[PDB]
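Below, each chain spelled out in residue letters.
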Amino acid sequence: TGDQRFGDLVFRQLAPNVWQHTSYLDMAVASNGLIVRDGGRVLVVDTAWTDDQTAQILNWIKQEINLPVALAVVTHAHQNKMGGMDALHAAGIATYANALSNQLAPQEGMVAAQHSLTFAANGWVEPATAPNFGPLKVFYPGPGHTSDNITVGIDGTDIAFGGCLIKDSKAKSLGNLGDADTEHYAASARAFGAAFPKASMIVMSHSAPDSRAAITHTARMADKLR
Ligand SMILES: [Zn+2]
Ligand SMILES: [Zn+2]
């Protein structure tokens, strides 16, 4: 209830101007991103697993929102986040990613975003690299899930997007591979929480939106790794 199926994708409205988009890849693994309505334009966080799935995202937006997609930001260089970059570019959408994500993308078989984000030493995005991001507040919490993994808060809402960094409050593991920073993971998770201290709805890549318990639980799980 509240979920719209659209082809093989699923869309859930989280707020008047925010939807979660979900795509699947058989390895039947879900991956979430965000769609944000900002006045006369749409902003997208993360692609779907594939170009064709991402094109469907844009199809859904055209139908349900009917506003031009101005830009997209992807939160790290893995297929579930950057797999549909070509689809974004073919639609004339300006794309942004961590400079490191763009550096890693060719090795991961991903297409690099058109623009590179860089970050101050306190983790907040450098304003000039993220021009006209509207309500999107982009924060690099430090290495965790990956070295390049970044997070996005939505001003005007209680929503913060933790991507693959944050696991749900009942997650039985962190499901990291070799590119995880198991030393700094805990601190990065907590940095994310501190960057968006008022966010009460935490959106993440691999499960439904959860409370702030997702953040503290993730950090506590990561504490066991150090
Ligand atoms: Zn990942
Ligand atoms: Zn993931």
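Note on numbering: positions run from 1 along each chain as its sequence is written and may not match the entry's numbering; residues without coordinates are not listed. Written order determines the labels here, with chains lettered from A and ligands numbered from 1. Calculated side-chain values reflect all of the structure's heavy atoms, with hydrogen atoms and water omitted.

Going by the header, the method for this PDB entry is X-ray crystallography, and the resolution given is 2.100 Å.

Engineer: Quick one: what's the story with the overall build of the chain, residue by residue and with numbers?
Structural biologist: Helix and strand labels come from DSSP, where a helix needs a run of H or I of at least four residues and a strand needs a run of E of at least two; each type is numbered from the N terminus. Assigned secondary structure in the chain consists of six helices and twelve strands. Relative to its length of 226 residues, the chain is compact, with a C-alpha radius of gyration of 16 Å against a globular reference of 17 Å. In terms of principal-axis extent, the alpha carbons of the chain reach across some 45 × 40 × 35 Å. Note on areas: these come from Shrake-Rupley sampling with a 1.4 Å probe, and a residue is covered only by the protein chains present in the view. A total accessible area of about 9,800 Å² is found for the chain, and carbon and sulfur atoms account for 50% of it. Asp and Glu are treated as the negative residues and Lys and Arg as the positive ones, with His and the ends of the chain left uncounted. By convention, the charge on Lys lies at NZ, on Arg at CZ, on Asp at CG and on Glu at CD. Treating the 16 positive side-chain charges of the chain as one cloud and the 20 negative ones as another, the clouds have centres 9 Å apart. Put simply, the radius of gyration uses C-alpha atoms, and a globule should come to 2.2 Å times the residue count raised to 0.38.

Engineer: Account for the sheet that holds strand β1 (residues 3-6), with residues named and values stated.
Structural biologist: Two strands are said to pair when DSSP picks up at least two bridges between them. Taken in spatial order, the eight strands make up an open sheet running β1-β2-β3-β4-β5-β6-β7-β8, and their pairing is mixed. Edge positions in the open sheet fall to β1 and β8 (115-117), since each of these has one partner strand only. Ignoring which end each strand starts from, the neighbouring axes of this sheet average 25° apart. Alignment of β1 against strand β2 (residues 9-15), held across four bridges, turns out to be antiparallel. By the bridge assignment for β2, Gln4 is matched with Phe11. Contacts are assigned to residue pairs with any non-hydrogen atoms lying within 4.5 Å of each other. Note on geometry: axes are lines fitted to C-alpha atoms, helical ones only across the stretch in contact, with angles between N-to-C directions running from 0 to 180 degrees. Strand contacts of helix α1 (residues 51-64): β1, β2, β3 (18-25), β4 (29-38), β5 (41-45) and β6 (69-74), with the helix running at about 120° to β1, the strand carrying the most contacts.

Engineer: Lay out the packing of aromatic side chains with the relevant residues and their values.
Structural biologist: Stacked, edge-to-face and tilted are the three classes for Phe, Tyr and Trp ring pairs, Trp counted by its six-membered ring, which pair at centre distances within 6.5 Å; planes under 30 degrees apart are stacked, over 60 edge-to-face, the rest tilted. Per the stated rule, a full pass over the model turns up nine aromatic pairs. An angle of 5° between the planes, with centres 4.1 Å apart, marks the rings of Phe11 and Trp60 as stacked. Owing to a relative accessible area of 0%, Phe11 belongs among the buried residues under this scheme. Think of it in three bands: residues with accessible area under 20% of the maximum for their type are buried, residues over 50% are exposed, and the middle band is partly exposed, with areas taken using a 1.4 Å probe on protein chains only. What makes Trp60 buried here is its relative accessible area of 1%. Through a chain of ring-to-ring contacts, the aromatic side chains of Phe6, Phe11, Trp19 and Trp60 assemble into a single cluster.

Engineer: Break down α1 for me, citing the residues and quoting the values.
Structural biologist: Counting along an α-helix, one turn takes 3.6 residues, and residues three or four places apart therefore face a common direction. Take the residue count of a helix, subtract one, and multiply by 1.5 Å to get its expected span. The terminal C-alpha atoms of α1, which comprises 14 residues, lie 20 Å apart, in line with the 20 Å expected from a rise of 1.5 Å per residue. The complete set of buried residues in α1 reads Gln53, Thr54, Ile57, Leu58, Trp60 and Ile61. Angularly, the buried residues of α1 cover 155° about the axis, an arc narrow enough to put them on a single face. For α1, exposure combined with an orientation more than 90 degrees from the buried face picks out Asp52 and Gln63. Comment: arc refers to directions from the helix axis out to C-beta atoms.

Engineer: Before we move on, could you go through the coordination of the zinc ion (ligand 2) and cite the residues and values that matter?
Structural biologist: Here the term donor refers to an N, O or S atom within 2.8 Å of the metal (or 3.2 Å for Na, K and Ca), and because water is left out of the atoms, sites may appear incomplete. Surrounding the zinc ion (ligand 2) are the protein donor atoms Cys164 (SG) and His206 (NE2), which sit 2.4 Å from the metal. Between the zinc ion (ligand 2) and the zinc ion (ligand 1) the interatomic distance comes to 4.0 Å. Placement of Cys164 in the loop between β11 (159-163) and α5 (185-195) and of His206 in the loop between β12 (201-204) and α6 (213-223) is noted, with a sequence separation of 42 residues between them. Under the relative-accessibility criterion, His206 is labelled partly exposed at 41%.

Engineer: How would you summarise α6 if you had to cite specific residues and measurements?
Structural biologist: If you check which residues of α6 are buried, you get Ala214, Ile215, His217, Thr218, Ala219, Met221 and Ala222. Each element contacted by the buried residues of α6 is listed here: α5 and β12.

Engineer: An account of the layout of surface pockets is requested, with residue identities and associated values reported.
Structural biologist: The calculated volume of the second largest pocket comes to roughly 160 Å³. Lining the second largest pocket, in full, are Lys137, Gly153, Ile154, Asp155, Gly156, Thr157, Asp158, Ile159, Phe196, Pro197, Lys198 and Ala199. Class assignment for the residues of the lining of the second largest pocket results in five nonpolar, three polar and four charged. Computed over the protein atoms alone on a 1 Å grid, cavities are sets of points where a 1.4 Å probe fits but cannot get out and pockets are open sets with protein on both sides within 12 Å along at least five of seven lines; a residue lines them when it has an atom within 4 Å of a point. Grid points are joined across faces, edges and corners, and a volume is the space filled by probe spheres set on the points. Classification convention: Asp, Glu, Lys, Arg as charged; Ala, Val, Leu, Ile, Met, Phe, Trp, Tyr, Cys, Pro as nonpolar; all other residues, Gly among them, as polar.

Engineer: Residues and numbers for the coordination of the zinc ion (ligand 1), please.
Structural biologist: The coordination sphere of the zinc ion (ligand 1), as far as protein atoms go, consists of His78 (ND1) and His145 (NE2), spread over 2.0 to 2.1 Å. Take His78: its relative accessible area is 18%, and that puts it in the buried class. Here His145 falls in the buried class, since its relative accessible area comes to 10%.

Engineer: Tell me what's going on with the pattern of salt bridges, and back it up with residues and numbers.
Structural biologist: For this analysis, a salt bridge means a side-chain nitrogen from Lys or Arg found within 4 Å of a carboxyl oxygen belonging to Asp or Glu. Per the stated rule, a full pass over the model turns up five salt bridges. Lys81 is paired through a salt bridge with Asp46; the nearest N and O atoms lie 2.6 Å apart. Of this pair, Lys81 sits in helix α2 (residues 79-82) while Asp46 sits in the loop between β5 and α1; the two residues are 35 residues apart in sequence, bridging distant segments of the chain. Given the relative accessible area of 1%, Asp46 is considered buried. With its nearest N and O atoms 2.7 Å apart, the salt bridge here joins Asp223 to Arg190. Here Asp223 is found in helix α6, whereas its partner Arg190 is found in helix α5, with 33 residues between them in sequence.

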